[PDB]
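Colleague: This is the structure I have questions about; it appears just below.
Reconstructed Cβ throughout: ideal geometry from the backbone, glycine too, with neighbour counts over all protein chains shown. All of the numbers you see were taken from the coordinates with simple rules; none came from a lab.
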4 protein chains.
Amino acid sequence: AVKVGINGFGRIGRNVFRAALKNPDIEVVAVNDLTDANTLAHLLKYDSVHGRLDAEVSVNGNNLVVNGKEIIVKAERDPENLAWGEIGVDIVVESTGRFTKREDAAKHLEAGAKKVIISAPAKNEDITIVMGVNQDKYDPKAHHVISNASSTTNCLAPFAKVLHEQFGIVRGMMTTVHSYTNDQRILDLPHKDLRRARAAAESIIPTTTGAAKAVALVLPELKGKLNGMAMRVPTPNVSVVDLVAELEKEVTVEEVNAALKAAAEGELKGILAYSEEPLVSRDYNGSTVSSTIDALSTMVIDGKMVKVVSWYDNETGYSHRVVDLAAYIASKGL
Amino acid sequence: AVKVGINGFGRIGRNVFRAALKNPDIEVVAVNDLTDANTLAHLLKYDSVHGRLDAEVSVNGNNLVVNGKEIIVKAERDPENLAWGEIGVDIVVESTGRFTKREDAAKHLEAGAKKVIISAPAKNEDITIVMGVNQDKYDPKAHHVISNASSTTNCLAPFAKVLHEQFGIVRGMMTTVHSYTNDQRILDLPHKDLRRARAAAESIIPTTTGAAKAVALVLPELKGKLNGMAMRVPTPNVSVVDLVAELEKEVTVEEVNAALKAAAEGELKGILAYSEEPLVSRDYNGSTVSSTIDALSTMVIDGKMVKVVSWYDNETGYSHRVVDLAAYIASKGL
Amino acid sequence: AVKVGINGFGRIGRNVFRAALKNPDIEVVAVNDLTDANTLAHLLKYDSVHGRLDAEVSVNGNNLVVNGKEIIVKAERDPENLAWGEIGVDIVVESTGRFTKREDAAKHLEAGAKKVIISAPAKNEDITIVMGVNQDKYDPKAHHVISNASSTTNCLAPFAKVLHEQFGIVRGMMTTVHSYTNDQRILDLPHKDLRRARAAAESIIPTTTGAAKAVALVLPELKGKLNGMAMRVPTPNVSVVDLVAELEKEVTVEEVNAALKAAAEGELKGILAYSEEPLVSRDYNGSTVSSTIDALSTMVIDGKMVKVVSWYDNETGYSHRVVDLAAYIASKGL
Amino acid sequence: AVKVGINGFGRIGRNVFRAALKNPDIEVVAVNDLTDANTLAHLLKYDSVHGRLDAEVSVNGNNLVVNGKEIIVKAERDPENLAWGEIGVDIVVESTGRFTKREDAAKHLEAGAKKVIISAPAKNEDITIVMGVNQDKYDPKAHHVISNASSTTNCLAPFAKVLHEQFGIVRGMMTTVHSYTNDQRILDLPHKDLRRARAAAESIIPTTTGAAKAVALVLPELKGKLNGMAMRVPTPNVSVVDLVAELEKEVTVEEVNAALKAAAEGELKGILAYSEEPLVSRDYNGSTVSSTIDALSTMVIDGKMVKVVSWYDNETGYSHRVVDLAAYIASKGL
Ligand SMILES: NC(=O)c1ccc[n+]([C@@H]2O[C@H](COP(=O)([O-])OP(=O)(O)OC[C@H]3O[C@@H](n4cnc5c(N)ncnc54)[C@H](O)[C@@H]3O)[C@@H](O)[C@H]2O)c1
Ligand SMILES: NC(=O)c1ccc[n+]([C@@H]2O[C@H](COP(=O)([O-])OP(=O)(O)OC[C@H]3O[C@@H](n4cnc5c(N)ncnc54)[C@H](O)[C@@H]3O)[C@@H](O)[C@H]2O)c1
Ligand SMILES: NC(=O)c1ccc[n+]([C@@H]2O[C@H](COP(=O)([O-])OP(=O)(O)OC[C@H]3O[C@@H](n4cnc5c(N)ncnc54)[C@H](O)[C@@H]3O)[C@@H](O)[C@H]2O)c1
Ligand SMILES: NC(=O)c1ccc[n+]([C@@H]2O[C@H](COP(=O)([O-])OP(=O)(O)OC[C@H]3O[C@@H](n4cnc5c(N)ncnc54)[C@H](O)[C@@H]3O)[C@@H](O)[C@H]2O)c1
Ligand SMILES: O=C[C@H](O)COP(=O)(O)O
Ligand SMILES: O=C[C@H](O)COP(=O)(O)O
Ligand SMILES: O=C[C@H](O)COP(=O)(O)O
Ligand SMILES: O=C[C@H](O)COP(=O)(O)O
């Protein structure tokens, strides 16, 4: 249906491309990075985390060919020169990691695009959306630069929503044991965050995160009630959220898990999932949901303080949410 | 001073041996395992985690020779046949992982020993001690099978003590992101804990832990107020405790860190430490304290809910505590 | 058709089971290990290396149920008590790693089985076979305890055959950079091999191997012509053979590769593969062939010394070969 | 005595700095990178691979202070603007990895330095040197931009020299199982080498290397006699050379080892080492020699083909060699 362009064909860029292959409402016609079609084709075909792509992938001189279709490969460091209007691109997925500020992301619009989905927390965005939580707050007439938040926020918000609406959250704190990402370093290198400067595959690395705070963007009633941190560990993908919260209503572990399960099988199906299996991170690689409750970990003290643990494939779940968001925005009119 | 024997010359066994080398009050004269002196000597000399031992290590036919001294090497699967009385051993460090029940640990006494320190949570022990917290509760006349608890409990209790005495803990929950240990598995193998059965170096592995509950053993006032879980990750050593707690007194981050720092430089010096540095797990390898507060991570909401993060070398800190406990018990009379 | 039993439902056992699902000629009716069906079913369903099993898995009573097919679960430590005959099991895959000596493997025959396939180099076996190299040497009348060799030998032998028959091998030496296995240790523990005693995921670990010499078992002409070693590294699966050999005929890189490619698409199709893609180990996880030539790495000096590098998923390839051998044996008559 | 400047205060830069602390003949007075002193001081103080620096470290103004000695911190991306002459820097260690071509390295000379040591294989350098092999070929009058080669070449060359002079090398091929480096990628990213583009800590990664051919630069007699490759694996530091060579003289394993041991305790003392211990990579972290023979791995066939395996801490050994070379050059007159 709607033509989409991907700026930054990396971990999210290529995983969003995979998800798009399954969505009839969106079609990727062009991708932009800092290399040649031959390199991008090779990366799209062989993935160290998700295995070989199940699709026809080859190179057509200067472009990529996936399942017969031809994808235009651009190599423009400056977004202002992407010329999206010339190839009919209406929605651009901004996933380079360098244009999270609206002043920069808006360049895609100047280039002919109509909507821009920043694949991460943004600065001065028209609106931040978490699919399954507040997409209804989207305004096709006033929202042009949209943020799909972080995958961590996408994992916490859905179950934070359930807990609050059913029991009411007084306050809480979270920690996400998160797989390392390309924002880190291989061997002790300069980084604004002296924690992230350290060898990623060698340590448990505490680092900041605004995921708990960002929840308020999508769930206003929780403004100022949540905070958190992250701990980057030596795994290449899949992360887990650990929330400890004080509730208003007196509850038991059974009632908490029951409510989470009902929501996973109800209105949040596909967004929130519920698992009573004693699994580990490798088990969620490839998971497409935004959040899967590890029911066995649910814990309660004095019937007021609760611990909820939820899994998430930070690359896959979020990538599918980006696609869902692209399709939703499209169904509202461009 | 007092002659000590080590049953199970593994990670804790050999690290306790290192610590003992620095303690004038204790002397290791014999070690028992399931192999030959040649293998134990090689393991004591080259350590994948802590580097080459700085000491003279060789083999004397059937025994080990460390810095001129000769250590008797035993290979008795059954503790009942250790004959500690024949070699003057008064205190035995039970660190095989197979004799945590008093009925089994007591065998060391039957063999001629006077005291037994189980290097882990135990069953029916005469008393569980956390150095710096409740060693005063030790009774030389009635306590013969002692548990030094877990390293996780040894990391949480000291700062749990401070928080409670200064602000009062209503209730709290913890999660320890812990390095993998030999209790896990290399590649998906049977294990009572289906979580721990999974490849240790490949996933983030949630697992049970009684560390939060065990705190009550050493801090009675906290009985039933704390619970927790663990998440085993792909690091070979060093772990971190993440405690979220509701306090009685209204506080600020500054006051919380101030109290922790004062205690680290005061009565808990050597047991509890305080760090304002943005470090990572590799930075604590070799740390001898039981708990080091990561001050930068301290967080507070509504002045009542607090998050305290503390580091610990699960092998080194605990091993030194085992030695401290051996010396303390000795100073009370055998 | 032929009923098969698996003794040692571990890394190779389970992989064999999955491979068997593809061959309608062999039916796995029972498996034996040292745990309960609940545990074996859980391990079979979720694999840290190969992902989630694409089949229904449940536990019925004290047996496993895969896609509705019931599989008997035994938990007998002593092979003499397996009673294979009682359930019509004619072929047993011995993959415990504990019964490689014929006197032990032969216990399965005493228990009623007609043929035993030892999933590893053996001692006093009636014959060692490498599919695609010497299966024709199997003699149904005299061979009852068969060895399928090691995964390393299954990788080397096929292309070693091609090099010798096509160019003649004077002598050669190989090194296999191999993923760690359950024979190693998590954190420095006793082991007959002081090298494998060390933390598997923390070092490059040089270790010995008879894979180079075992090739002579299946290629008698190469007796005394090859030798080698292994280097275990921090990866959970997939390994690679690196052979340096002196050839008789003077050749060029193109010639050597042309021959290997010819054999891969010809006589060794399904056993030996040929790739001109610049891939890495993760790309071969799940590979069902015994050996894939990494053509880009082919090297020649003075037209006499050549280097050939070949990939192999040590768990999957060998396990599929095990099933091929079982079917082969059955077709020869039991 | 001689004032030295380090350009690129990374893995090699910092290791060089630490090595320099041991040599009173060279004084590092300034370092340059792309960040601030606060960041460089933090990196120098806490190392994920080599531990905590055993020295006082602080930041005075905008400079570093190590054990009271002040070190100028520069942050100039363009070497022409380093003004080395202005601060009396005569020798510059070029370790950014960006200036291996002489036209770039020569910018340090334009800036006032008298000699430049490129910490890697170079292009159009006046001469490439491997301490203990060809330092005598350095000519103070004509050599201003010098290359210290690669760490792999520094490991191979020394024992290759011994084998050729003692037995004569017909031809050989090597493979270095090498730890990952900052030249690789965390998670599948663009890279000129499609192999190094892949997740460094997740695979065994075959890659090319000129180390085998570069040995000819320092051992002209071996021109056209050697070639090889590298295999990057999931370890943060320490690598190992695996050489398979055809010799002229017929020898035995004992002979080959006897010669290597003789050279290690003789002419190559401090450069080449000899070990008969069954060690693993972690045991060599911190090793200051360029090459340590793993004698237990020595292999011989037909008394003509030999396999020699040698260990090397790729960061430390080379960095110490860099300091040796700087002192050597200085002693030749500037
Ligand atoms: N990886 C995750 O777990 C995750 C999850 C959710 C959101 N995110 C967010 O998504 C964004 C991308 O993250 P990632 O992990 O995919 O990073 P990445 O480094 O894997 O991919 C970024 C890609 O953009 C390219 N690039 C850089 N500058 C460019 C430019 N000027 N023009 C065109 N291409 C350019 C790079 O070459 C690379 O291919 C970030 O903002 C990040 O915070 C990451
Ligand atoms: N590793 C840690 O982080 C840590 C920290 C604190 C406490 N602990 C506890 O300490 C104990 C030991 O743990 P570890 O990590 O040292 O384990 P380990 O496996 O490294 O060491 C155990 C040693 O005991 C030996 N052994 C087994 N059975 C024996 C027997 N019957 N007789 C004599 N020797 C025998 C083994 O050969 C081995 O050398 C456990 O109870 C554990 O829970 C572990
Ligand atoms: N892993 C590889 O890459 C590989 C490849 C080819 C061959 N092999 C060989 O196959 C064998 C098994 O290797 P693995 O990696 O699958 O090992 P593993 O440790 O993963 O599996 C062995 C299984 O046998 C069970 N077991 C042990 N003793 C038993 C007994 N007495 N009775 C019944 N069950 C018992 C264990 O519980 C376990 O599940 C070895 O001989 C090995 O050398 C391994
Ligand atoms: N790491 C090893 O094992 C090893 C061994 C021997 C030689 N080398 C070689 O040494 C060089 C550096 O390797 P490394 O592993 O230390 O790399 P690194 O990436 O760890 O360090 C390079 C440093 O240079 C800085 N830098 C980059 N561009 C700069 C510029 N224009 N001006 C000033 N500073 C800049 C970076 O910020 C970084 O701190 C390379 O040529 C490499 O091949 C590496
Ligand atoms: O998954 C959580 C965030 O989206 C991670 O962002 P990062 O690219 O900074 O790792
Ligand atoms: O450090 C915490 C516990 O002591 C770990 O015990 P474990 O041997 O079961 O890993
Ligand atoms: O692939 C090589 C062998 O099959 C490894 O056997 P192992 O179980 O002894 O490691
Ligand atoms: O040790 C080998 C080389 O020094 C590696 O250089 P690199 O930085 O290109 O990985």
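Colleague: From the C-alpha coordinates alone, can you work out the Kirkwood hydrodynamic radius of region C:148-211, in Å?
Modeller: 13.8 Å
Colleague: What is the set of long-range amide H partners of B:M299 at a cut-off below 5 Å, with H atoms built 1.01 Å from backbone N?
Modeller: Residues meeting the amide H criterion: B:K307.
Colleague: Continuing with this model, one more query. Expressed in nm², what is the orientationally averaged projection area of the convex hull enclosing the Cα positions of region C:281-334?
Modeller: 5.4 nm²
Colleague: Another one. Taking chain A as the reference, fit the longest principal axis to its C-alpha atoms, fit the long axis of helix A:253-265 to the helix C-alpha atoms, and give the angle between the two in degrees, 0 to 90, nearest 10.
Modeller: The two axes meet at around 30 degrees.
Colleague: Return the FRET efficiency for the residue pair D:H191, C:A262: r is the Cβ-Cβ distance, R0 is 30 Å, and the value is rounded to the nearest 0.05.
Modeller: Given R0 = 30 Å and the Cβ-Cβ separation, E is 0.40.
Colleague: Could you calculate the FRET efficiency of B:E165 with B:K22 from 1/(1 + (r/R0)^6), where r is the beta carbon distance between them and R0 is 22 Å, rounded to 0.05?
Modeller: Once rounded, the FRET efficiency stands at 0.10.
Colleague: How far apart are the C:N124 label points across copies, placing each 7 Å from Cα toward Cβ, in nm, shortest first?
Modeller: 4.5, 7.2, 8.3
Colleague: Another question, if that's okay. Mind listing the phi-derived Karplus ³J(HN,Hα) values for region A:106-120, rounded to whole Hz, using 6.51, -1.76 and 1.60 with θ = phi - 60°, and x for any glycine or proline?
Modeller: Going residue by residue, I get 4, 4, 4, 5, 4, 7, x, 7, 9, 9, 9, 9, 7, 7, 4 Hz, with x marking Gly and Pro.
Colleague: Going by the rotation axis that takes chain B to chain C, pick out the residue of B with the closest C-beta and quote the gap in whole Å.
Modeller: Of all Cβ atoms in B, the one closest to the rotation axis yields B:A201, 2.
Colleague: Now for a separate question. One quarter of the convex hull surface, Cα atoms only: what value does that give for chain D in nm²?
Modeller: 16.5 nm²
Colleague: Mind computing the radius of gyration and Dmax over the alpha-carbon atoms of region B:218-334? Å is fine for both.
Modeller: Gyration radius and largest Cα-Cα distance of region B:218-334: 15.7, 51 Å.
Colleague: Taking 51 Å as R0, compute the FRET efficiency from the Cβ-Cβ separation of A:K269 and B:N124 and round it to 0.05.
Modeller: Between A:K269 and B:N124 the formula returns 0.55.
Colleague: Further question: Just for the protein assembly as shown, what percent of DSSP beta bridges are antiparallel, to the closest 5?
Modeller: Here the share of antiparallel DSSP bridges comes out near 50 percent.
Colleague: If you plug each phi of region C:45-53 into the Karplus form 6.51 cos²θ - 1.76 cosθ + 1.60 with θ = phi - 60°, what whole-Hz ³J(HN,Hα) values come out, in order, with x for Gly and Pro?
Modeller: Values, residue by residue: 6, 10, 10, 5, 9, 9, x, 6, 5 Hz.
Colleague: Taking the label point 7 Å from Cα in the Cβ direction, how far apart in nm is B:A142 from each other copy of itself, listed shortest first?
Modeller: Values, ascending and in nm: 7.2, 7.7, 9.1.
Colleague: Here's another thing I want to ask about it. If eta is 0.692 mPa s and T is 37 °C, what Stokes-Einstein diffusion coefficient results for region A:80-178, Kirkwood Rh from Cα pairs, in µm²/s?
Modeller: 221 µm²/s
Colleague: I'd like the distance separating the alpha-carbon centroids of region A:297-317 and region C:84-122, in whole Å.
Modeller: Between the Cα centre of region A:297-317 and that of region C:84-122, the gap is 47 Å.
Colleague: So what is the orientation-averaged projected area of region A:112-163, using the convex hull of its C-alpha atoms, in nm²?
Modeller: Average of the hull's projected areas for region A:112-163 equals 3.9 nm².
Colleague: In terms of modelled amide H atoms, which long-range or inter-chain residues lie less than 5 Å from the amide H of A:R171?
Modeller: The answer is A:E246.
Colleague: How do A:70-79, C:189-198, B:277-286, A:169-178 rank on mean C-beta neighbours within 10 Å, highest first?
Modeller: Final packing ranking: A:169-178, B:277-286, C:189-198, A:70-79.
Colleague: I need the inter-copy label distances for D:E265: point set 7 Å along Cα to C-beta, values in nm with one decimal, smallest first.
Modeller: 5.5, 5.8, 7.6
Colleague: Region A:150-314: D in µm²/s via Stokes-Einstein (Kirkwood Rh, Cα pairs, 37 °C, 0.692 mPa s)?
Modeller: Rounded to a whole number, D works out at 204 µm²/s.
Colleague: Right, here's the next one. Say the dipole of region B:226-305 comes from +1 at the beta carbon of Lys and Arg and -1 at that of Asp and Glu; which of B:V233, B:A259, B:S290 then lies farthest toward its positive end?
Modeller: Going by the Cα projections, it comes out as B:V233.
Colleague: How far apart, in nm, are the 7 Å Cα→Cβ label points at D:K223 and C:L34?
Modeller: Label-label distance for D:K223 and C:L34, simple model: 6.2 nm.
Colleague: Over 23 Å between Cα atoms: which of B:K3/B:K213; B:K22/B:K269; C:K22/C:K69 fall into that group?
Modeller: Pairs exceeding the cut-off: B:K3/B:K213.
Colleague: Whole-Hz Karplus ³J(HN,Hα) for region B:274-279, in order, using 6.51 cos²θ - 1.76 cosθ + 1.60 and θ = phi - 60°, x for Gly and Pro?
Modeller: 10, 10, 9, 9, x, 8
Colleague: For the protein assembly as shown, what are Rg and Dmax over the alpha carbons, in angstrom?
Modeller: 31.7, 91
Colleague: Kindly state, as a whole number, the per residue volume in cubic angstrom of the convex hull around the alpha carbon atoms of region D:177-216.
Modeller: 77 Å³
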